[PDB]
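Starting off, we have a lone chain in the form deposited in one PDB entry, written out as structure tokens.
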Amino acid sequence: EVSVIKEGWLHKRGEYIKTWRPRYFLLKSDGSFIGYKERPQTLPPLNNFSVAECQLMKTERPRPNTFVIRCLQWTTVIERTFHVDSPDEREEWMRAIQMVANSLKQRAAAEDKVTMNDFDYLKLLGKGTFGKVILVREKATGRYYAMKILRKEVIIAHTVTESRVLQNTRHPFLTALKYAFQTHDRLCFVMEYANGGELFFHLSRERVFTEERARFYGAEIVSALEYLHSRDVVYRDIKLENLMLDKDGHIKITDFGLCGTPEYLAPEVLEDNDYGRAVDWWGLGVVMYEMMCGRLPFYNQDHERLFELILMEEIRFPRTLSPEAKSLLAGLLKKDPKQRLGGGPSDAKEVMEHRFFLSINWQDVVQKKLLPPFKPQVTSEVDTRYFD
């Protein structure tokens, strides 16, 4: 019986637009902590909103009586920042959230060699607030991986956190975890790294993909998004720079984020609304628009003007785009998430059934039986041709 444990107004700092907005939050016994524009028994809340295993901290900047929920979601640290009027209300909120996180931990328990000197460290792939990602070579074998390194003091404040190597994604087009280990100071996630080049690189040179090429990539992404949504997980990071090709030409969605790019923000995410699975279909629409038209659907140097277009401007197309493509993209880029293709109760099913994908056998997709339309110029998984 899923019950509200605490509800009320909070000042929530925007996740991208760093601004404070009052929102009405419900902390529920299933661990979800979700905020609404007004005070609204429901379908599966997304794990993105869960307080399970989170760490709570008090701070007085930029305002007194601020608190932060910090969670390790898979391999990524997520932070949500809140503000209340008085230190008593902050305490009551933090104690209730911690209570729910304690209950969930108890329920989960009731229901259910490798070191840093084993790698060469070759190139920094990215760096964020909480950790970094480095291209490494495993010394014992010569294979290449991306190592995400995070400081322990961030979400431990921990051998149990090595159990991600079990809840590991099996999906062919997601990034799998090879090793997870800890040092005295840090946690290290060694994940696969595709050596077929960044899709941003391939699209930049080819200028524009044929519709058949974009359909192949889009279908692999749809299959990956179905898998994540079936686990109650939203990716929220779909963009060209998070898509790579493996040695055979299949998609790999990267898991390299660290605590954005405004041109990909869905309308409901700009207004700090309750967003859901529909934000991933918006993102698919933007990257498939990029692949088939060679440019972004909404762009402006002035971010105030960009937001207007994303919120307000109707999407326009080149007339050489097939009608099936114009229809897919207009459906994926509907402003209202409830009217968006894939935003309904069947989720990915609505997208998979669109006429643009009529030729796709979705079991061939997930079984990697579709012949890639482009084969990267690498002959093995250790060919470093694309590493610069």
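The first residue of the shown sequence is 1; numbering continues from there. Here, rigid core means the biggest group of C-alpha atoms that superpose within 1.5 Å across both forms.
One more form of this protein, deposited in another entry, exists but is not displayed; see below.
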Kindly specify the one residue in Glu91, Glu198, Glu206, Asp232 whose Cα moves by 2 Å or more between this form and the one not shown, with superposition done on the rigid core. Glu91
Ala330: Cα shift of 2 Å or greater between this form and the one not shown (core-aligned): no
Return yes or no for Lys58: a CA shift of at least 2 Å between this form and the one not shown, with the rigid core superposed? yes
Superposed on the rigid core, does the Cα of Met352 end up 2 angstroms or more away between this form and the one not shown? no
